[PDB]
Amino acid sequence: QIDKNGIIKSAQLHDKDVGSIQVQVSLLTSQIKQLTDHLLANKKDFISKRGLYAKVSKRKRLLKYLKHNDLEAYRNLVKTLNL
Amino acid sequence: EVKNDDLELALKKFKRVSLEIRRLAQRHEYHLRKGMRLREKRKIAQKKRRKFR
Amino acid sequence: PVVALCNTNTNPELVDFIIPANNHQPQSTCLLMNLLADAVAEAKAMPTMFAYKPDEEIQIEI
Amino acid sequence: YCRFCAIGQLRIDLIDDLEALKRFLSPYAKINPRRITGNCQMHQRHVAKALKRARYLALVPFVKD
Amino acid sequence: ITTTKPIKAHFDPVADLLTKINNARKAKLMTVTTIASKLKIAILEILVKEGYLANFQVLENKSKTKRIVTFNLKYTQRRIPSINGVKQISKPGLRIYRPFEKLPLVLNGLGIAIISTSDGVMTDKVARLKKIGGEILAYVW
Amino acid sequence: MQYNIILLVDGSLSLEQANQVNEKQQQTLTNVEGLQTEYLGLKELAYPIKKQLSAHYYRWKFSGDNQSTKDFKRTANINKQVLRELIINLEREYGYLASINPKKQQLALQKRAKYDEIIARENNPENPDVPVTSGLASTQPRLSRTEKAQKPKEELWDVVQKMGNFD
RNA sequence: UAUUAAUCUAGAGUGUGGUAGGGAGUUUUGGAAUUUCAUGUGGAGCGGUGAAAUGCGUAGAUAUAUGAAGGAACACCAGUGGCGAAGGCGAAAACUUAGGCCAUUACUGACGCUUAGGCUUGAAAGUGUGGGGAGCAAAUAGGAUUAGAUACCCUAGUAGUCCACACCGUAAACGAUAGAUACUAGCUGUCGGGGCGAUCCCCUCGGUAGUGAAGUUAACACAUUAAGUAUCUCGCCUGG
């Protein structure tokens with residue numbers, strides 16, 4: 001469980017945007033936190049490791065896209081440390 | 001088996017079901033591999049489909 | 001050239017004059033054949049039979 | 001014809017229609033081919049799974065000759 | 001008019017429109033839709049005003065978000081296509097340019113080509129007339 | 001979520017002891033107790049389970065958390081008075097949406113369609129008649145506006161005459 | 001075209017609703033069955049072969065009723081079946097979960113393809129640590145086959161054949177079709193969703209299959225899941 005309904009309302013810039021970048025990266029880091037525990041529990045579920053690699057690659061792509069187009073791209077670092 | 005109450009109709013049912021039993025047994029006295037298994041499975045499926053189509 | 005009683009699904013590139021009418025069924029083939037015979041019958045100074053007569057054609061099958 | 005493609009009971013367990021499972025059950029406690037179930041995929045896999053469910057719970061015999 | 005189905009730009013303007021021309025020439029059809037672009041607008045109008053295909057219309061949606069173009073090809077009662085073959089020499093990653101002295105003719109007696117030097121679209125004859133070299137679009141015959 | 005639990009009893013003992021051991025097994029749940037008390041009477045098994053031929057089958061269904069299951073697994077197996085351990089949460093393909101369930105009319109249509117009451121009714125399934133609702137609204141409307149004026153052309157079939165002038 | 005500041009969604013993802021599937025792992029078990037060990041039945045044979053032999057056989061074989069123990073794989077539905085990046089994934093579950101699909105009228109706005117390097121798995125066998133050897137059977141032995149039996153069958157039998165740790169990365173790892181965006185005749189069968197709405201069909205978004213146009217390929221043959229015309233990125237071919 002990730003409790004998407006409880007985390008969607010915590011990183012938003014408006015009251016109707018649901019597809020923003022910040023909510024996307026919040027979802028991605030929440031998935032990272034969940035699946036890290038999942039993989040350290042089950043060490044042979046390699047399809048889960050491939051999926052985690054896919055989400056971390058997508059998160060890195062999003063971070064690069066932000067750092068390329070927008071200077072305001074480090075709010076999510078000061079709350080949840082990355083890199 | 002069960003249902004032996006007729007002189008010949010029950011005999012026909014018994015022989016048909018026993019032929020089925022023997023055919024089911026034919027795949028259980030020799031060694032085979034998974035690919036070979038898939039092979040006779042596909043062959044039997046195609047043969048039955050040609051029987052019905 | 002040659003004219004063809006062109007049933008649908010046939011190749012139109014082979015045919016030069018197309019007649020789009022039913023021919024698999026006989027009820028249309030008889031009428032079409034009679035019409036073409038009447039069309040070609042004028043060469044003999046022999047009057048046509050159908051296409052101008054109000055009487056209906058005959059059809060018998062069983 | 002399939003009994004289950006037409007009514008849309010939308011759920012299969014032991015106490016939806018057990019006598020229907022028995023009718024679907026072979027005289028030798030097996031499962032009838034596609035010619036009897038009347039369908040291809042989904043109600044068929046539903047009833048096969050349910051017959052397995054009852055088999056584990058011993059509502060129908062594994063083998064009865 | 002109101003085709004009520006979506007279309008999208010495929011990879012790139014020049015090859016996107018040339019793919020639809022390929023479809024036109026091989027499928028022997030009449031009307032083909034696609035998305036709009038200034039380059040495609042200019043090449044279509046210069047190609048039609050010289051008399052090489054049929055007419056075309058530019059269309060837009062209810063909201064000012066998307067612009068599309070459909071195009072028709074000249075045909076005859078004898079059912080003869082007006083196009084025999086199209087080939088682009090320039091491709092994504094290969095943007096070759098020519099000077100005025102070396103302007104590639106197109107099978108001089110027959111072919112038609114467009115050269116975007118600096119002013120949108122100019123055909124080969126006016127390109128020679130103005131003595132200016134640029135980017136060759138493609139060869140059509 | 002909601003759960004479906006089946007429980008068994010050992011031997012042909014009385015009913016009060018069965019209810020008592022059922023209650024004893026019920027308290028094993030970790031935090032949530034929404035039990036439903038019912039049983040299927042007494043049914044004879046087609047094959048022996050451990051050494052007996054008949055037993056009582058009890059059922060429960062509560063809505064709680066998923067941790068309320070493993071405790072039952074290590075407790076019921078330890079209890080030597082149970083014979084079977086079916087535990088199903090919800091994961092068989094099921095529907096409860098209030099737009100598909102109101103379709104039992106088929107059954108209401110079924111029995112009367114197949115029930116034999118008059119020697120004149122002759123029916124057989126797999127027969128197409130295509131009842132029509134006269135409207136689907138599934139067409140994905142997209143309108144456009146014209147911004148340039150040009151003229152189209154009409155098309156006929158390629159009719160060819162082989163020189164038509166042999167005379 | 002680069003460069004650029006702002007841009008607008010259809011590209012593309014995210015949310016919502018519906019729906020599907022042997023997707024992966026972990027933990028519990030069940031059955032029939034084989035083998036073995038026992039308690040009763042019975043007396044000359046039993047096990048194999050184009051024909052015969054090795055082996056077992058009054059220290060009651062085989063057969064036969066029941067019990068007990070245990071190791072592997074999950075008949076039956078399982079099909080022109082579905083998912084899975086690949087191999088593969090079929091008894092029953094609970095758990096943690098993975099990727100889809102469909103309407104997406106919501107949200108953001110070019111974030112999208114490739115990616116030599118770097119990593120993620122990897123059919124089987126084998127290697128080094130624990131269980132087990134129930135069946136199987138490389139090797140070894142014995143009996144027949146022919147001048148020849150290190151192979152062709154029978155008897156046993158060697159590790160391995162599974163469950164845990166660390167490997168090793170080769171497969172005819174096959175659709176012999178690198179991975180995406182377009183379009184193009186049809187026809188038939190088949191799975192999911194939507195409304196329609198007893199099953200029966202009418203459409204749409206999709207995948208899985210055959211048939212078969214132009215057109216292409218030397219030919220076989222490919223085709224709406226291209227080997228057709230296009231285009232993009234990484235690899236390979238320049239004779240054994």
# chains A, B, ... in the order shown; residues from 1 in each chain; ligands from 1

$ residues_around --residues "stretch 31-44 of chain A" --least-positions-apart "5" --cutoff "9 Å" --atoms "only C-alpha atoms (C1' of nucleotides)" --output "NGL selection string"
(:A and (1-2 or 26 or 49 or 52 or 55-56)) or (:G and (24-26 or 96-97))

$ residues_around --residues "residue G:127" --least-positions-apart "6" --cutoff "12 Å" --atoms "only C-alpha atoms (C1' of nucleotides)" --output "PDB file with C-alpha atoms (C1' of nucleotides), in the first residue's frame"
ATOM      1  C1'   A G 166      27.878 -17.749  -3.714  1.00  0.00           C
ATOM      2  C1'   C G 167      28.772 -18.800  -8.930  1.00  0.00           C
ATOM      3  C1'   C G 168      29.524 -19.554 -13.863  1.00  0.00           C
TER       4        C G 168
END

$ interface_residues --of "chain C" --to "chain F" --cutoff "12 Å" --atoms "only C-alpha atoms" --output "list in words"
residues 1, 2, 3, 12, 13, 14, 15, 16, 17, 18 and 19 of chain C

$ closest_atom_pairs --of "chain E" --to "chain F" --cutoff "7 Å" --atoms "only C-alpha atoms" --output "CSV"
residue,atom,partner,partner_atom,distance
E:1,CA,F:144,CA,6.7
E:2,CA,F:143,CA,4.6
E:4,CA,F:142,CA,4.3
E:5,CA,F:142,CA,6.8
E:55,CA,F:150,CA,6.0
E:56,CA,F:150,CA,6.6
E:57,CA,F:148,CA,5.5
E:58,CA,F:147,CA,5.6
E:59,CA,F:146,CA,4.8
E:60,CA,F:145,CA,5.4
E:61,CA,F:144,CA,4.7
E:62,CA,F:144,CA,6.4
E:77,CA,F:158,CA,5.8
E:78,CA,F:158,CA,5.3
E:79,CA,F:158,CA,5.9

$ write_last_selection --atoms "N, CA and C atoms" --output "mmCIF file, in the first residue's frame"
data_model
loop_
_atom_site.group_PDB
_atom_site.id
_atom_site.type_symbol
_atom_site.label_atom_id
_atom_site.label_comp_id
_atom_site.auth_asym_id
_atom_site.auth_seq_id
_atom_site.Cartn_x
_atom_site.Cartn_y
_atom_site.Cartn_z
ATOM 1 N N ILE E 1 -14.408 17.399 -44.426
ATOM 2 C CA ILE E 1 -15.142 18.204 -43.460
ATOM 3 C C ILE E 1 -15.619 17.337 -42.302
ATOM 4 N N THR E 2 -15.091 17.615 -41.106
ATOM 5 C CA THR E 2 -15.457 16.915 -39.872
ATOM 6 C C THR E 2 -15.233 15.405 -40.015
ATOM 7 N N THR E 4 -13.939 13.592 -37.874
ATOM 8 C CA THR E 4 -14.168 13.038 -36.534
ATOM 9 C C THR E 4 -13.269 11.833 -36.233
ATOM 10 N N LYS E 5 -11.966 12.042 -36.424
ATOM 11 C CA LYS E 5 -10.954 11.084 -35.989
ATOM 12 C C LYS E 5 -9.604 11.787 -35.879
ATOM 13 N N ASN E 55 -6.831 20.071 -55.455
ATOM 14 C CA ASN E 55 -6.900 21.144 -54.479
ATOM 15 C C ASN E 55 -6.763 20.590 -53.060
ATOM 16 N N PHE E 56 -6.658 21.498 -52.094
ATOM 17 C CA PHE E 56 -6.554 21.100 -50.696
ATOM 18 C C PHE E 56 -7.084 22.226 -49.819
ATOM 19 N N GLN E 57 -7.490 21.858 -48.604
ATOM 20 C CA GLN E 57 -8.095 22.774 -47.649
ATOM 21 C C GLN E 57 -7.322 22.713 -46.340
ATOM 22 N N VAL E 58 -7.294 23.830 -45.616
ATOM 23 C CA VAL E 58 -6.709 23.890 -44.280
ATOM 24 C C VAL E 58 -7.835 24.036 -43.266
ATOM 25 N N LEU E 59 -7.817 23.191 -42.240
ATOM 26 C CA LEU E 59 -8.897 23.101 -41.275
ATOM 27 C C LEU E 59 -8.345 23.297 -39.870
ATOM 28 N N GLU E 60 -9.240 23.631 -38.944
ATOM 29 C CA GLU E 60 -8.858 23.872 -37.562
ATOM 30 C C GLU E 60 -10.003 23.406 -36.666
ATOM 31 N N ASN E 61 -9.697 23.178 -35.394
ATOM 32 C CA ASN E 61 -10.644 22.632 -34.432
ATOM 33 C C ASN E 61 -11.462 23.756 -33.805
ATOM 34 N N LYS E 62 -12.336 23.376 -32.868
ATOM 35 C CA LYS E 62 -13.172 24.358 -32.185
ATOM 36 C C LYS E 62 -12.319 25.350 -31.405
ATOM 37 N N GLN E 77 -10.599 10.550 -65.675
ATOM 38 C CA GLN E 77 -11.618 9.537 -65.930
ATOM 39 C C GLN E 77 -10.978 8.232 -66.386
ATOM 40 N N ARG E 78 -9.776 8.314 -66.953
ATOM 41 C CA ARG E 78 -9.002 7.141 -67.336
ATOM 42 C C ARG E 78 -8.290 6.490 -66.158
ATOM 43 N N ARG E 79 -8.408 7.060 -64.956
ATOM 44 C CA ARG E 79 -7.814 6.517 -63.733
ATOM 45 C C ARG E 79 -6.291 6.405 -63.868
#

$ closest_residue --among "G:198, G:213, G:85, G:236" --to "chain C" --atoms "only C-alpha atoms (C1' of nucleotides)"
G:213

$ residues_around --residues "residue G:215" --least-positions-apart "4" --cutoff "12 Å" --atoms "only C-alpha atoms (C1' of nucleotides)" --output "PDB file with N, CA, C and O atoms (P, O5', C5', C4', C3', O3' and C1' of nucleotides), in the first residue's frame"
ATOM      1  N   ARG E  25       0.060   7.604 -53.896  1.00  0.00           N
ATOM      2  CA  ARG E  25       0.502   7.118 -55.189  1.00  0.00           C
ATOM      3  C   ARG E  25       0.354   5.609 -55.306  1.00  0.00           C
ATOM      4  O   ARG E  25       0.187   5.103 -56.422  1.00  0.00           O
ATOM      5  N   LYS E  26       0.473   4.875 -54.195  1.00  0.00           N
ATOM      6  CA  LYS E  26       0.395   3.424 -54.263  1.00  0.00           C
ATOM      7  C   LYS E  26      -1.021   2.904 -54.059  1.00  0.00           C
ATOM      8  O   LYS E  26      -1.430   1.953 -54.727  1.00  0.00           O
ATOM      9  N   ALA E  27      -1.779   3.507 -53.142  1.00  0.00           N
ATOM     10  CA  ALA E  27      -3.130   3.039 -52.858  1.00  0.00           C
ATOM     11  C   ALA E  27      -4.146   3.518 -53.885  1.00  0.00           C
ATOM     12  O   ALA E  27      -5.269   2.998 -53.918  1.00  0.00           O
TER      13      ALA E  27
ATOM     14  P     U G 184      -4.855   3.393 -44.237  1.00  0.00           P
ATOM     15  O5'   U G 184      -4.669   2.403 -45.469  1.00  0.00           O
ATOM     16  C5'   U G 184      -4.467   2.902 -46.784  1.00  0.00           C
ATOM     17  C4'   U G 184      -3.780   1.876 -47.646  1.00  0.00           C
ATOM     18  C3'   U G 184      -4.325   0.464 -47.524  1.00  0.00           C
ATOM     19  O3'   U G 184      -5.457   0.253 -48.350  1.00  0.00           O
ATOM     20  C1'   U G 184      -1.960   0.423 -47.370  1.00  0.00           C
ATOM     21  P     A G 185      -6.925   0.127 -47.707  1.00  0.00           P
ATOM     22  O5'   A G 185      -6.960  -1.356 -47.130  1.00  0.00           O
ATOM     23  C5'   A G 185      -6.270  -2.407 -47.787  1.00  0.00           C
ATOM     24  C4'   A G 185      -6.932  -2.780 -49.086  1.00  0.00           C
ATOM     25  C3'   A G 185      -8.233  -3.559 -48.961  1.00  0.00           C
ATOM     26  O3'   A G 185      -9.356  -2.707 -48.796  1.00  0.00           O
ATOM     27  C1'   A G 185      -6.798  -4.628 -50.521  1.00  0.00           C
ATOM     28  P     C G 222       3.976 -16.465 -46.252  1.00  0.00           P
ATOM     29  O5'   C G 222       4.146 -14.963 -45.755  1.00  0.00           O
ATOM     30  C5'   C G 222       5.092 -14.621 -44.754  1.00  0.00           C
ATOM     31  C4'   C G 222       5.348 -13.137 -44.742  1.00  0.00           C
ATOM     32  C3'   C G 222       4.105 -12.271 -44.866  1.00  0.00           C
ATOM     33  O3'   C G 222       3.466 -12.056 -43.621  1.00  0.00           O
ATOM     34  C1'   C G 222       5.721 -11.548 -46.430  1.00  0.00           C
ATOM     35  P     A G 223       2.137 -12.873 -43.238  1.00  0.00           P
ATOM     36  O5'   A G 223       0.976 -11.791 -43.360  1.00  0.00           O
ATOM     37  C5'   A G 223       0.930 -10.683 -42.476  1.00  0.00           C
ATOM     38  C4'   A G 223       1.110  -9.378 -43.209  1.00  0.00           C
ATOM     39  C3'   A G 223      -0.104  -8.854 -43.957  1.00  0.00           C
ATOM     40  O3'   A G 223      -1.026  -8.196 -43.109  1.00  0.00           O
ATOM     41  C1'   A G 223       1.807  -8.689 -45.339  1.00  0.00           C
ATOM     42  P     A G 226       4.584  -5.739 -37.834  1.00  0.00           P
ATOM     43  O5'   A G 226       5.226  -6.551 -39.044  1.00  0.00           O
ATOM     44  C5'   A G 226       4.634  -6.532 -40.340  1.00  0.00           C
ATOM     45  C4'   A G 226       5.542  -7.154 -41.372  1.00  0.00           C
ATOM     46  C3'   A G 226       6.808  -6.359 -41.694  1.00  0.00           C
ATOM     47  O3'   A G 226       7.877  -7.264 -41.968  1.00  0.00           O
ATOM     48  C1'   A G 226       5.557  -6.672 -43.664  1.00  0.00           C
ATOM     49  P     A G 227       9.403  -6.804 -41.758  1.00  0.00           P
ATOM     50  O5'   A G 227       9.908  -6.463 -43.231  1.00  0.00           O
ATOM     51  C5'   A G 227      11.165  -6.934 -43.705  1.00  0.00           C
ATOM     52  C4'   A G 227      11.087  -7.376 -45.147  1.00  0.00           C
ATOM     53  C3'   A G 227       9.722  -7.199 -45.804  1.00  0.00           C
ATOM     54  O3'   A G 227       9.904  -6.947 -47.195  1.00  0.00           O
ATOM     55  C1'   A G 227      10.300  -9.483 -45.810  1.00  0.00           C
ATOM     56  P     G G 228      10.373  -5.498 -47.706  1.00  0.00           P
ATOM     57  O5'   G G 228       9.682  -5.359 -49.133  1.00  0.00           O
ATOM     58  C5'   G G 228       8.300  -5.637 -49.300  1.00  0.00           C
ATOM     59  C4'   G G 228       7.572  -4.452 -49.879  1.00  0.00           C
ATOM     60  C3'   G G 228       8.186  -3.098 -49.562  1.00  0.00           C
ATOM     61  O3'   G G 228       9.217  -2.757 -50.472  1.00  0.00           O
ATOM     62  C1'   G G 228       5.869  -3.049 -49.083  1.00  0.00           C
ATOM     63  P     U G 229      10.506  -1.934 -49.985  1.00  0.00           P
ATOM     64  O5'   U G 229      10.125  -0.419 -50.290  1.00  0.00           O
ATOM     65  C5'   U G 229       9.465  -0.059 -51.494  1.00  0.00           C
ATOM     66  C4'   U G 229       8.639   1.186 -51.304  1.00  0.00           C
ATOM     67  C3'   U G 229       9.330   2.301 -50.538  1.00  0.00           C
ATOM     68  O3'   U G 229      10.172   3.094 -51.357  1.00  0.00           O
ATOM     69  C1'   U G 229       7.166   1.955 -49.646  1.00  0.00           C
TER      70        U G 229
END

$ interface_residues --of "chain G" --to "chain B" --cutoff "9 Å" --atoms "only C-alpha atoms (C1' of nucleotides)" --output "list in words"
residues 75, 79, 80 and 136 of chain G

$ write_last_selection --atoms "N, CA and C atoms (P, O5', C5', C4', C3', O3' and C1' of nucleotides)" --output "PDB file, in the first residue's frame"
ATOM      1  P     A G  75      -1.518 -30.069 -13.652  1.00  0.00           P
ATOM      2  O5'   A G  75      -1.886 -31.429 -14.391  1.00  0.00           O
ATOM      3  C5'   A G  75      -2.529 -32.482 -13.693  1.00  0.00           C
ATOM      4  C4'   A G  75      -2.536 -33.753 -14.501  1.00  0.00           C
ATOM      5  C3'   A G  75      -3.596 -33.853 -15.586  1.00  0.00           C
ATOM      6  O3'   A G  75      -3.245 -33.162 -16.772  1.00  0.00           O
ATOM      7  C1'   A G  75      -3.595 -35.834 -14.321  1.00  0.00           C
ATOM      8  P     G G  79      -4.983 -28.708 -24.649  1.00  0.00           P
ATOM      9  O5'   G G  79      -6.399 -28.223 -25.193  1.00  0.00           O
ATOM     10  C5'   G G  79      -6.646 -28.123 -26.590  1.00  0.00           C
ATOM     11  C4'   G G  79      -7.585 -26.986 -26.914  1.00  0.00           C
ATOM     12  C3'   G G  79      -7.057 -25.979 -27.934  1.00  0.00           C
ATOM     13  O3'   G G  79      -8.150 -25.472 -28.703  1.00  0.00           O
ATOM     14  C1'   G G  79      -7.545 -24.867 -25.920  1.00  0.00           C
ATOM     15  P     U G  80      -8.527 -26.132 -30.118  1.00  0.00           P
ATOM     16  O5'   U G  80      -7.808 -25.193 -31.186  1.00  0.00           O
ATOM     17  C5'   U G  80      -7.931 -23.776 -31.122  1.00  0.00           C
ATOM     18  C4'   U G  80      -6.620 -23.129 -30.761  1.00  0.00           C
ATOM     19  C3'   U G  80      -6.507 -21.638 -31.074  1.00  0.00           C
ATOM     20  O3'   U G  80      -5.684 -21.010 -30.091  1.00  0.00           O
ATOM     21  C1'   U G  80      -4.852 -22.828 -32.273  1.00  0.00           C
ATOM     22  P     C G 136      13.839 -46.387 -11.034  1.00  0.00           P
ATOM     23  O5'   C G 136      14.311 -45.200 -11.984  1.00  0.00           O
ATOM     24  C5'   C G 136      13.509 -44.765 -13.073  1.00  0.00           C
ATOM     25  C4'   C G 136      14.003 -43.449 -13.618  1.00  0.00           C
ATOM     26  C3'   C G 136      15.471 -43.417 -14.004  1.00  0.00           C
ATOM     27  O3'   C G 136      15.688 -43.916 -15.310  1.00  0.00           O
ATOM     28  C1'   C G 136      14.932 -41.498 -12.712  1.00  0.00           C
TER      29        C G 136
END

$ interface_residues --of "chain D" --to "chain G" --cutoff "8 Å" --atoms "only C-alpha atoms (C1' of nucleotides)" --output "count of residues only"
17

$ closest_atom_pairs --of "chain D" --to "chain B" --cutoff "10 Å" --atoms "only C-alpha atoms" --output "tab-separated table"
residue	atom	partner	partner_atom	distance
D:27	CA	B:2	CA	9.4
D:28	CA	B:1	CA	8.4
D:64	CA	B:1	CA	8.6
D:65	CA	B:1	CA	5.0

$ write_last_selection --atoms "N, CA and C atoms" --output "PDB file, in the first residue's frame"
ATOM      1  N   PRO D  27     -19.334 -37.841 -14.242  1.00  0.00           N
ATOM      2  CA  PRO D  27     -19.728 -39.010 -13.445  1.00  0.00           C
ATOM      3  C   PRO D  27     -18.553 -39.632 -12.701  1.00  0.00           C
ATOM      4  N   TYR D  28     -17.330 -39.317 -13.122  1.00  0.00           N
ATOM      5  CA  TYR D  28     -16.117 -39.867 -12.521  1.00  0.00           C
ATOM      6  C   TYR D  28     -15.321 -38.779 -11.818  1.00  0.00           C
ATOM      7  N   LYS D  64     -13.671 -41.096  -7.903  1.00  0.00           N
ATOM      8  CA  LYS D  64     -14.800 -41.920  -7.474  1.00  0.00           C
ATOM      9  C   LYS D  64     -15.120 -42.887  -8.609  1.00  0.00           C
ATOM     10  N   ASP D  65     -14.618 -44.114  -8.493  1.00  0.00           N
ATOM     11  CA  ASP D  65     -14.841 -45.133  -9.511  1.00  0.00           C
ATOM     12  C   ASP D  65     -15.723 -46.259  -8.979  1.00  0.00           C
TER      13      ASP D  65
END

$ atom_distance --atom1 "atom CA of residue E:22" --atom2 "atom CA of residue E:46"
18.7 Å

$ atom_distance --atom1 "atom CA of residue F:98" --atom2 "atom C1' of residue G:18"
11.9 Å

$ select_by_dssp --residues "chain F" --states "strand (DSSP E or B)" --output "PyMOL selection string"
chain F and resi 2+4-8+38-39+43-44+54-55+57-60+63+87-88+145-146

$ closest_atom_pairs --of "chain E" --to "chain G" --cutoff "12 Å" --atoms "only C-alpha atoms (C1' of nucleotides)" --output "tab-separated table"
residue	atom	partner	partner_atom	distance
E:5	CA	G:10	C1'	11.3
E:6	CA	G:10	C1'	7.7
E:7	CA	G:10	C1'	7.6
E:8	CA	G:10	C1'	6.1
E:9	CA	G:11	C1'	8.2
E:10	CA	G:181	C1'	5.7
E:11	CA	G:181	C1'	6.1
E:12	CA	G:231	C1'	8.6
E:13	CA	G:231	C1'	11.2
E:14	CA	G:231	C1'	10.3
E:15	CA	G:231	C1'	7.0
E:16	CA	G:182	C1'	7.6
E:17	CA	G:182	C1'	10.1
E:18	CA	G:230	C1'	8.0
E:19	CA	G:230	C1'	6.0
E:20	CA	G:183	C1'	6.9
E:21	CA	G:183	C1'	9.7
E:22	CA	G:229	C1'	6.8
E:23	CA	G:183	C1'	5.8
E:24	CA	G:183	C1'	9.2
E:25	CA	G:229	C1'	10.1
E:26	CA	G:184	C1'	7.9
E:27	CA	G:184	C1'	6.2
E:28	CA	G:184	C1'	9.9
E:29	CA	G:184	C1'	10.2
E:32	CA	G:183	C1'	10.2
E:33	CA	G:183	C1'	11.3
E:34	CA	G:182	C1'	10.8
E:35	CA	G:10	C1'	9.8
E:61	CA	G:10	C1'	11.6
E:63	CA	G:8	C1'	10.0
E:64	CA	G:8	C1'	7.9
E:65	CA	G:8	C1'	5.5
E:66	CA	G:10	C1'	7.8
E:67	CA	G:10	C1'	10.4
E:68	CA	G:10	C1'	10.9
E:85	CA	G:229	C1'	10.5
E:86	CA	G:229	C1'	10.3
E:87	CA	G:230	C1'	9.5
E:88	CA	G:230	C1'	10.0
E:90	CA	G:231	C1'	11.2
E:91	CA	G:231	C1'	8.0
E:92	CA	G:232	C1'	7.5
E:93	CA	G:232	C1'	9.1
E:94	CA	G:1	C1'	10.7
E:95	CA	G:1	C1'	8.2
E:96	CA	G:1	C1'	11.2
E:97	CA	G:1	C1'	11.9
E:135	CA	G:1	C1'	10.6

$ residues_around --residues "residue F:94" --least-positions-apart "4" --cutoff "10 Å" --atoms "only C-alpha atoms (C1' of nucleotides)" --output "VMD selection string"
(chain D and resid 9 to 12) or (chain F and resid 90)

$ write_last_selection --atoms "N, CA and C atoms" --output "mmCIF file, in the first residue's frame"
data_model
loop_
_atom_site.group_PDB
_atom_site.id
_atom_site.type_symbol
_atom_site.label_atom_id
_atom_site.label_comp_id
_atom_site.auth_asym_id
_atom_site.auth_seq_id
_atom_site.Cartn_x
_atom_site.Cartn_y
_atom_site.Cartn_z
ATOM 1 N N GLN D 9 -24.402 -14.299 -13.118
ATOM 2 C CA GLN D 9 -24.351 -14.368 -11.663
ATOM 3 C C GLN D 9 -23.164 -13.610 -11.084
ATOM 4 N N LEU D 10 -22.111 -13.392 -11.872
ATOM 5 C CA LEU D 10 -21.007 -12.484 -11.577
ATOM 6 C C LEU D 10 -20.173 -12.917 -10.372
ATOM 7 N N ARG D 11 -20.487 -14.057 -9.757
ATOM 8 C CA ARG D 11 -19.685 -14.573 -8.655
ATOM 9 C C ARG D 11 -19.863 -16.080 -8.526
ATOM 10 N N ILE D 12 -18.768 -16.802 -8.295
ATOM 11 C CA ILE D 12 -18.778 -18.256 -8.181
ATOM 12 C C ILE D 12 -18.134 -18.639 -6.857
ATOM 13 N N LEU F 90 -10.435 -12.211 -0.886
ATOM 14 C CA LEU F 90 -11.437 -11.713 -1.820
ATOM 15 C C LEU F 90 -11.091 -11.950 -3.284
#

$ atom_distance --atom1 "atom CA of residue D:43" --atom2 "atom CA of residue D:21"
11.9 Å

$ residues_around --residues "residue A:8" --least-positions-apart "4" --cutoff "10 Å" --atoms "only C-alpha atoms (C1' of nucleotides)" --output "VMD selection string"
(chain A and resid 3 to 4 12 17 to 19 22 to 24 26 to 27) or (chain G and resid 15)

$ residues_around --residues "stretch 54-57 of chain G" --least-positions-apart "2" --cutoff "7 Å" --atoms "only C-alpha atoms (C1' of nucleotides)" --output "VMD selection string"
chain G and resid 61 142 to 143 155
